[PDB]
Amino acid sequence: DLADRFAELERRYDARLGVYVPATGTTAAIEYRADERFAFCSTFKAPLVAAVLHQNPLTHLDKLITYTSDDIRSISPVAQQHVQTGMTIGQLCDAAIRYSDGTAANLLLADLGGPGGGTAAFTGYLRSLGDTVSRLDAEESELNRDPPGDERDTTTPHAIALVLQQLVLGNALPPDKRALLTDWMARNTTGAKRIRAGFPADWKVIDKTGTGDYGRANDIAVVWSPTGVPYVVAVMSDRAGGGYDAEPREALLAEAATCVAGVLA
């Protein structure tokens, strides 16, 4: 039984694991702690981009955003190289997904507008999708504290899987905006050891990672089987019993994805 395999991963990795894969015409849903809250970490950056795409015409992607070194908060592998040139909204979207660029995310939040540096606008975007669960409360920062049991900055595997379903595979976005999201996630650089690692090479995988303290490791993906069937796969984990310093475990995500792959295959 698949639930036992997930429980064994929890015991072997000393982790809490959440998994949701929405049901299809041809497959049952996979759910393991799918309605328990986990920290977003950087997984929010994919729907963030969807929000920016949604609220603006595509010509908005060429708006140059200028910023300063004082805006560098969090790992920002792209943004840190363009403090004096700035970056277009398109480039920020690219960096935010493909390099989980934190500064980029923060600038995209600002681009959405409104209170909380954009976290309100982001959360309302999700509310407008039908998600009454997920919440973004803080801008990215390396100084952020987010202890277990605080419901701020959380989603559920079930919630974020259905959001991603709508965005990539549903009609949340018009096809041209949808394609930009899909493409960016298809060329993610950070996800090779997670869901991607658990799916055979002939499956297409697009994804957005998240990592944090308390051993938090997330990956949200859309996968395409060799037979052309797409599935959304949300995996979230933390190791809170290990405290702030618990090591994130990518392998747990890879192995959970392997259990999923096994059943959709």
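Just count from 1 along the sequence shown to find any residue number.
- Averaged over Cα atoms, the B-factor as recorded in the entry is higher for 118-126 than for the other of 118-126 and 90-98.
- Taking only CA atoms, the mean B-factor in the PDB entry is higher for 27-35 than for the other of 27-35 and 216-224.
- Highest C-alpha temperature factor among 157, 77, 191, 149 per the entry: 149.
- Between the residues 161, 107, 185, 143, it is 143 that shows the highest Cα B-factor in the PDB record.
- Compared with the other modelled residues of the chain, the Cα B-factor recorded for residue 241 ranks in the highest third.
- In this PDB entry, the Cα temperature factor of residue 198 sits in the middle third of its chain's modelled residues.
- Sort the chain's modelled residues by C-alpha temperature factor and residue 64 lands in the highest third, per the entry.
- The deposited CA B-factor of residue 230 belongs to the middle third of values across its chain.
- For residue 11, the recorded CA temperature factor ranks within the highest third of the chain's modelled residues.
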